[PDB]
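Chemist: Give me a 3D structure for the following:
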Amino acid sequence: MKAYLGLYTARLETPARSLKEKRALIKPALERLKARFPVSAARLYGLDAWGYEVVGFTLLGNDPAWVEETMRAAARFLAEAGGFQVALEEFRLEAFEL
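Modeler: Numbering: from 1, shown residues only. You can find the structure just below:
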């Protein structure tokens, strides 16, 4: 029996000019993402910058098709948040034996 993990990562571009303005664009969208989808989200790199950031989210399930479909729906949702653009993205699916 395997545990399946989806890992989504993306480069966001924002029009911000301060770290506080940038957080106000990104954090509320990630909080909405967490409320709507069963994911763990994180701000990963570029945290010293105002205009770009690498973020991601992951999720776990026992059905790889459900994990992937949910991950792609959550990614579409993130691109619809506005405030920032999803400039580049990557999807991954890993399986772990239990």
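
Chemist: Can you show me the helices along the chain?
Modeler: 19-36, 64-80 (DSSP state H).

Chemist: In CSV: those helices, plus distance to residue 1 and mean neighbour count.
Modeler: C-beta here means a position set from N, CA and C on the backbone, and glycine is covered the same way. Shown next, in CSV, are the helices of the chain (distance: least, Cβ to Cβ, whole Å; neighbours: other Cβ atoms under 10 Å):
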stretch, distance to residue 1, mean neighbour count
helix 19-36, 27, 14
helix 64-80, 12, 16
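
Chemist: To residue 96, which of the ones you listed lies closest?
Modeler: Judged by Cβ to Cβ, the one of those that comes nearest to residue 96 is helix 64-80, at 11.5 Å.

Chemist: hang on, the earlier thing: now tabulate the helices of the chain in a markdown table and tack on distance to residue 86.
Modeler: Shown next, in a markdown table, are those (distance: least, Cβ to Cβ, whole Å):
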| stretch | distance to residue 86 |
| --- | --- |
| helix 19-36 | 10 |
| helix 64-80 | 4 |
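
Chemist: Kindly state which of these is positioned closest to residue 49.
Modeler: helix 19-36 (7.7 Å).

Chemist: got a list of contacts for that closest one?
Modeler: Helix 19-36 is contacted from outside by 12, 14-16, 39-41, 43, 47-51, 53, 55, 57, 74, 77-78, 81, 83-84, using Cβ atoms under 8 Å, 6 or more residues apart in numbering.
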